[PDB]
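Here is the structure we will look at.
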Amino acid sequence: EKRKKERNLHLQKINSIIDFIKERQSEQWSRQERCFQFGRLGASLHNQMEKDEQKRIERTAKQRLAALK
Amino acid sequence: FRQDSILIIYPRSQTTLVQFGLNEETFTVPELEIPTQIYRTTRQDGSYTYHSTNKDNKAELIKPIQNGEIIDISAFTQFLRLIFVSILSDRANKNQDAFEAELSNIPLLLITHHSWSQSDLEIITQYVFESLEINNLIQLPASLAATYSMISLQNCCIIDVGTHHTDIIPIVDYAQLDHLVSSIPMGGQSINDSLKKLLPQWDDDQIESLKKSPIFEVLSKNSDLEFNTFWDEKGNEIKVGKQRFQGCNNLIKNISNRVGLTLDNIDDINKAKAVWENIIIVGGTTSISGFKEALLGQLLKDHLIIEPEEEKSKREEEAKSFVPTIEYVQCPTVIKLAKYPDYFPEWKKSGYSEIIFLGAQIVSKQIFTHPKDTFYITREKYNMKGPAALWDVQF
Amino acid sequence: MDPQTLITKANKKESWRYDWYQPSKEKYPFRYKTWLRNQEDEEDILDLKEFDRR
Amino acid sequence: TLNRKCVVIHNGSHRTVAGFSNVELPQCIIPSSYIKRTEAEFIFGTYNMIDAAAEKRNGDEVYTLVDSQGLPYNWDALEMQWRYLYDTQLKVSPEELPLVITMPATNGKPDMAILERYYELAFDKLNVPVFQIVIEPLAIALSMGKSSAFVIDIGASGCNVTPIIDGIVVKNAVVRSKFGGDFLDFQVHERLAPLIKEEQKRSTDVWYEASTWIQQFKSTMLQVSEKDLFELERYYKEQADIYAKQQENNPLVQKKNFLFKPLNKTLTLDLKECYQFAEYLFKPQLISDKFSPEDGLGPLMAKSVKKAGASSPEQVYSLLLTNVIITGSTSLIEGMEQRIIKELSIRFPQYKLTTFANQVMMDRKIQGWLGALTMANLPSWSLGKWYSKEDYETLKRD
Numbered sequence: 314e315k316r317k318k319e320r321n322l323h324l325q326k327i328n329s330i331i332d333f334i335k336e337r338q339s340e341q342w343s344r345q346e347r348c349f350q351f352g353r354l355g356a357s358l359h360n361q362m363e364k365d366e367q368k369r370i371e372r373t374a375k376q377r378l379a380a381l382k
Numbered sequence: 004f005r006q007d008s009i010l011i012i013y014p015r016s017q018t019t020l021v022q023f024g025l026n027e028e029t030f031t032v033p034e035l036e037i038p039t040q041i042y043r044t045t046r047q048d049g050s051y052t053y054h055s056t057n058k059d060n061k062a063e064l065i066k067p068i069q070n071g072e073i074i075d076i077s078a079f080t081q082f083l084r085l086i087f088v089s090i091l092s093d094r095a096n097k098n099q100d101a102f103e104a105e106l107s108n109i110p111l112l113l114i115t116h117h118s119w120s121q122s123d124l125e126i127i128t129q130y131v132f133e134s135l136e137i138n139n140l141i142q143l144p145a146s147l148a149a150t151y152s153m154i155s156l157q158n159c160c161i162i163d164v165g166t167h168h169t170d171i172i173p174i175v176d177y178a179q180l181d182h183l184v185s186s187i188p189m190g191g192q193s194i195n196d197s198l199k200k201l202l203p204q205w206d207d208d209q210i211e212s213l214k215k216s217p218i219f220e221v222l223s275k276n277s278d279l280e281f282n283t284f285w286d287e288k289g290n291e292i293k294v295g296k297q298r299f300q301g302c303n304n305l306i307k308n309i310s311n312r313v314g315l316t317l318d319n320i321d322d323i324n325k326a327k328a329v330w331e332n333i334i335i336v337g338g339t340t341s342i343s344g345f346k347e348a349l350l351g352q353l354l355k356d357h358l359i360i361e362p363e364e365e366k367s368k369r370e371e372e373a374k375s394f395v396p397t398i399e400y401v402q403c404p405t406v407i408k409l410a411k412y413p414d415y416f417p418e419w420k421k422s423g424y425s426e427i428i429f430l431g432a433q434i435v436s437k438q439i440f441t442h443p444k445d446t447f448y449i450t451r452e453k454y455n456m457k458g459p460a461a462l463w464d465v466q467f
Numbered sequence: 001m002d003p004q005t006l007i008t009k010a011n012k022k023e024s025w026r027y028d029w030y031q032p033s034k054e055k056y057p058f059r060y061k062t063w064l065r066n067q068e069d070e079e080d081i082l083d084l085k086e087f088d089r090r
Numbered sequence: 002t003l004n005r006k007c008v009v010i011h012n013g014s015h016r017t018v019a020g021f022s023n024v025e026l027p028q029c030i031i032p033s034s035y036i037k038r039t044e045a046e047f048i049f050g051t052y053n054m055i056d057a058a059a060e061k062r063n064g065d066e067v068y069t070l071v072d073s074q075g076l077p078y079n080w081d082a083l084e085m086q087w088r089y090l091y092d093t094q095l096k097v098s099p100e101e102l103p104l105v106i107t108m109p110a111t112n113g114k115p116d117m118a119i120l121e122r123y124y125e126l127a128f129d130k131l132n133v134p135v136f137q138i139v140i141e142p143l144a145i146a147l148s149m150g151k152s153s154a155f156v157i158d159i160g161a162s163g164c165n166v167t168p169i170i171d172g173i174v175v176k177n178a179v180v181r182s183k184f185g186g187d188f189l190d191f192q193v194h195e196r197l198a199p200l201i202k203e204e214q215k216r217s218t219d220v221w222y223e224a225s226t227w228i229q230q231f232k233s234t235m236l237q238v239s240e241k242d243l244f245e246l247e248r249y250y251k252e253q254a255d256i257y258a259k260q261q262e281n282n283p284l285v286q287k288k289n290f291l292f293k294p295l296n297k298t299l300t301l302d303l304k305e306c307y308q309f310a311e312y313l314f315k316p317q318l319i320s321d322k323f324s325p326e327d328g329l330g331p332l333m334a335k336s337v338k339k340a341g342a343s380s381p382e383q384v385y386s387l388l389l390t391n392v393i394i395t396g397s398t399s400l401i402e403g404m405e406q407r408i409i410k411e412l413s414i415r416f417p418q419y420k421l422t423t424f425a426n427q428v429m430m431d432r433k434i435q436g437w438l439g440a441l442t443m444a445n446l447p448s449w450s451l452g453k454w455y456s457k458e459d460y461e462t463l464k465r466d
């Protein structure tokens, strides 16, 4: 009757609010981890562009020899 | 995505840096610099018509950005439309199959400012996905673009010295601390105004030519000479004394004070020290030689945690009867400027006053050349949420 | 070519509004401005190379 | 989720933290006081006040907006504070978005009228279309993931101890202490005053000192004794003699040095005097004789435990003591939580303490704001009480 309904509604409200708050905590951790990971991947892009353009500068420095002739 | 179709727009209070397409060899300085202004023709019945030129002297001049803030969101969006349609017309005239190759899918990256409203960014999102019909959008923060052009440092501080304002932005864990982002209403014009106070007999143009002269530096050989000669914009030779070593000091002191009061409120001291060790100073005003080193030295003078020289002197006198160092509990023992990327040739050639834009050349190589759509809104995400999809793709 | 035709020919679709909305349980006694999905029935070119730096 | 976006404003006793519901970190953290500049000028925000406190101009007076009870008392300057929030920081109209505000846990009497004031501040003045009120210990205990919890919020106004059983706040056992961050500001000022040449209306300079270097003393120099101080000395000598005899020093005599900036001077304190300030939060009888040992946090927690027994008592005791949550900015000081664990286990030796705490430095300062943030984005409007304009239209009639 009217008592079972109220008790079950209170229990469902409690469990549902706990569930959605745990979901938002997982969202917090996921967004922060994605920020750290994509920043550290941008650093790896920096390192790769460094290695490529250093190889280019070394070839041009070695190469200037042909120009010197 | 095709790297020829990557479009980057960086608008400011005065100008706007535009680049359509990456070089694929090395990253280049932006060639297109359009001043952020539009023309508002007030049509009878009340409606507005926006133009690139003053249409028959019926239009007023609307500058959509001042001090980094968007003050007219519709004029800003239609000025973005003017830039984008100009790029479409240029590529369609040049290539004439561009709408199948170069214009068939244009990812847009608009570099944003901290002072822009959330409602303003949502209107920008609605405008990009409806009016311009652009299928994809990154709204990049300017401070995060600065720290992604710098070596992708986890903790840093951004000093953006503009023309009439200076932005102070701490970045902890690749994220912007919005409750500590501040701005002083004071920038490159205060160097000018200090030189107006120190040199009354000149006008605005001679003092601006002094600020843009090679002989204007801040001490922290030009420094050996008492007088030195520069040239006017009209080619007139003008001599100046010690006033070419002055004028910047008040800006440096106020920036040092605001950076100190900003970074003393970082409660995690381990994050705070790594912020203090990675001071990043950007702006066209920062193209003045010796400005960044003098601001670093003023941070060292005002906020470095060291034993007082008088107490160390008394203690060294007590030792004359080896000196250990007083270890303090204060965070800011080491203050450093962050190490600049010395591997971009064109950016070394043209200077790093606009290095923020360089981060957009890196991030749009990151996200737009990799299948993950985590940080740009797709047409899928827009058809799901609208401008509310902007807050699922933020950094 | 025309600006609207340059836009429409490029980058190839719903529209969204900033409107008052009343949520339902029925209807809540308030409203709030939010981004609502629109239903079915709901200029110039500057020349480049003038601002190309040279 | 719901197609909405809420404004989340937290009015603490020292910090007012305001932001949106689509973000995890706030748009602004301003102080909960204001500088009257004198025509009148009410200076709002962090950087605008401190610079005005650095100007040291006459007529500049820091007036607080939230008292020791956690409730507002100056509603017009709070109104102008929220106008400063919606205009300079949030940059949005208060008519457009729903609002979520916070209240501290009370005993039951002051709520309704302040509710009416909230009505009179949201409806008659801001025209907020609907606003939600959440309870700050309920928001802290519920955003961590509990419906029965024992909340200990050590803030600036004092220590707030609140039992919560299955989502409802046990109101008769809500006990608010007085010793907190502002008390430690006064103690640090009064003790360092002969070393810094120092020793309402001068609340500009008092607030400026409490906001620049006394907080730097609190975050770096202060350490909370995990046991009682004399009991720490006994236990630490008892440990160190075991180490010295097992292999074949006083831990208090470690000198900690504070670089005081307005005089450029080293302030050298041993670790006992670093413990001493935090000893008055738990033993307030060491400054004066008008304060009982019951007035400290030590028994008071347990006192707030025992009134929860008459909300059968020994089950409520275990339900609270297995769900102890420690929060607050003043509780960011090193060693605060272990003193709560030991000082609460010596008054309940039977029960095992499982204390949970948000270990992030920033997130414990804004933990009530984060609780209201989790309460703002709830995907059902029936999960919280949303006072629309009809509620204050009903409260007007008789």
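Residue numbers (PDB author numbering), protein chains in the order written: chain P, 314 to 382; chain g, 4 to 223, 275 to 375, 394 to 467; chain h, 1 to 12, 22 to 34, 54 to 70, 79 to 90; chain f, 2 to 39, 44 to 204, 214 to 262, 281 to 343, 380 to 466.
Just so you know, even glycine gets a beta-carbon here, dropped at the ideal spot from N, CA and C.
Note on geometry: alpha-carbon atoms of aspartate 65 (chain f) and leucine 6 (chain h) lie some 59 Å from one another.
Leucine 85 (chain g) reaches chain h at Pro3, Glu79, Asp80, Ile81 and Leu82, counting residues in chain order whose Cβ is nearer than 9 Å. Residue-level contact by beta carbon holds for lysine 457 (chain f) and chain h, with a gap shorter than 8 Å.
For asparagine 4 (chain f), the nearest beta carbon of chain P is not closer than 8 Å to its own beta carbon.
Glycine 328 (chain f) sits away from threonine 107 (chain f), with the two beta carbons spaced by 8 Å or more.
In its chain, beyond the 5 residues on either side, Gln31 have a beta carbon closer than 7 Å to the beta carbon of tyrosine 56 (chain h). Of the residues g:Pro362, g:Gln209, g:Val406 and g:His167, the one whose Cα lies closest to the Cα of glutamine 69 (chain g) is g:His167.
Interface annotation for the segment 122-139 of chain f against chain h: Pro134 and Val135, criterion Cβ-Cβ distance under 8 Å. Per the DSSP secondary-structure output, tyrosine 60 (chain h) pairs in a beta bridge with h:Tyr30. Here DSSP, grouped into helix, strand and coil, assigns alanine 178 (chain g) to strand. Cβ contact annotation for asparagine 177 (chain f) (same chain, cutoff 6 Å, sequence separation greater than five): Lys339, in chain order. Of all residues in the segment 102-123 of chain f, those with a C-beta nearer than 8 Å to a C-beta of chain h are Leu102 and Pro103, reading in chain order. In this structure, the CA atom of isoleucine 434 (chain f) is about 35 Å from the CA atom of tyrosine 249 (chain f).
The continuous stretches of alpha helix (DSSP H) do not include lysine 293 (chain g), which lies in the beta strand (DSSP E) extending over residues 291-294. Considering only beta carbons, the part of the segment 335-364 of chain P lying closer than 8 Å to chain g consists of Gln345, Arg347, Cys348, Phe349, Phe351, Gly352, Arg353, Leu354, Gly355, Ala356, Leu358, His359, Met362 and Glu363, in chain order. In this structure, P:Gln345 is the residue among P:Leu354, P:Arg369 and P:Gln345 with its C-alpha nearest to the C-alpha of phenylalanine 467 (chain g). Under a 10 Å Cβ-count criterion, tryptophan 63 (chain h) is classified as buried, with 16 or more other Cβ atoms of the shown protein chains found around its own Cβ. In the DSSP assignment, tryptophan 285 (chain g) is bridged to g:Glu291. Under the 8 Å criterion on CB atoms, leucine 303 (chain f) is classed as non-interfacial with respect to chain g. Here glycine 150 (chain f) is not near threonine 398 (chain f), since their CB atoms are 8 Å or more apart. Residue pairing by DSSP places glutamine 433 (chain g) in no beta bridge whatsoever.
Every beta strand (DSSP E) of 3 residues or more that sits fully in the segment 114-173 of chain f is shown, in chain order, as 135-140, 154-159 and 164-170. CA-to-CA, the gap between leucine 388 (chain f) and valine 337 (chain f) works out to about 7 Å. The residue among f:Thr234, f:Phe188, f:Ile414 and f:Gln137 with its C-alpha nearest the C-alpha of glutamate 240 (chain f) is f:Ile414. The DSSP-derived three-state label of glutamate 426 (chain g) is coil.
Closer than 7 Å at the C-beta level to chain g, one finds these residues of the segment 78-104 of chain f: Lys96 and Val97.
With a 10 Å radius around the Cβ and a threshold of 16 neighbouring Cβ atoms, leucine 222 (chain g) comes out exposed.
In this structure, g:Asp356 is the residue among g:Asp356, g:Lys325, g:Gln300 and g:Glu370 with its C-alpha nearest to the C-alpha of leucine 315 (chain g). Annotated three-state conformation of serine 186 (chain g) is strand, per DSSP. In this structure, the straight-line span from the alpha carbon of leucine 95 (chain f) to that of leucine 104 (chain f) is close to 12 Å.
A residue is called buried when at least 16 other Cβ atoms come within 10 angstroms of its Cβ; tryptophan 342 (chain P) does not meet this threshold and is exposed. With a cutoff of 8 Å on beta-carbon distance, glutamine 192 (chain f) and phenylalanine 309 (chain f) are scored as near each other. Residue nearest to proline 413 (chain g) within the set P:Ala374, P:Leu354, P:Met362 and P:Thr373 is P:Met362 (criterion: CA-CA distance).
For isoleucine 370 (chain P), the closest Cβ of chain f is not nearer than 8 Å. For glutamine 22 (chain g), the enclosing beta strand (DSSP E) covers residues 19-23. Close to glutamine 367 (chain P), with beta-carbon spacing below 8 Å, are these residues of chain g in chain order: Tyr415.
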